[PDB]
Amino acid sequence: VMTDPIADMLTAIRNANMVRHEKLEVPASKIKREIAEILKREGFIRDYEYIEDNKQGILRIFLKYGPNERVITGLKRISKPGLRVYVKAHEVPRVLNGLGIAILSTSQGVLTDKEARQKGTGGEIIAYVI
């Protein structure tokens, strides 16, 4: 993978969350879709859908707000050019409940720190969400 397009997606979600948008759109890709599935699965966004516009693939993300407040507190792109963050299977962080989610790019795909541990794999930490 490459974290630049990932930084782009995260920046857009960040910005949309600030001004409280109900949705946002970003060019689709497999990894971006894998990230959206995780955010959705972990209750950070409400939903997402793949859409095509002028034959261009797009991911439409629906943000989630509790009774007026933002559900996403922060999103950060981690491993990046010049500052790679790789972790062996044994070193995948055990992230406490309530402290967020680490997203790893692994040989078995994009997984959360919790999935990586159950699957017994390490990988590149590409993002953190809280």
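Numbers follow the displayed sequence, beginning with 1.
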Query raised in the report: Out of 110 to 118 and 16 to 24, which stretch has the higher average CA B-factor listed in the record?
Result: 16 to 24
**Report entry** Higher-scoring stretch by recorded Cα B factor average, 69 to 77 or 31 to 39
**Finding:** 69 to 77
**Report entry** Candidate set 83, 87, 101, 63 [ranked by C-alpha B-factor, highest]
**Finding:** 83
Query raised in the report: Taking the entry's C-alpha B-factors for this chain, is residue 1 in the lowest, middle or highest third?
Result: highest
Query raised in the report: If you rank the chain by CA B-factor, which third does residue 96 end up in: lowest, middle or highest?
Result: highest
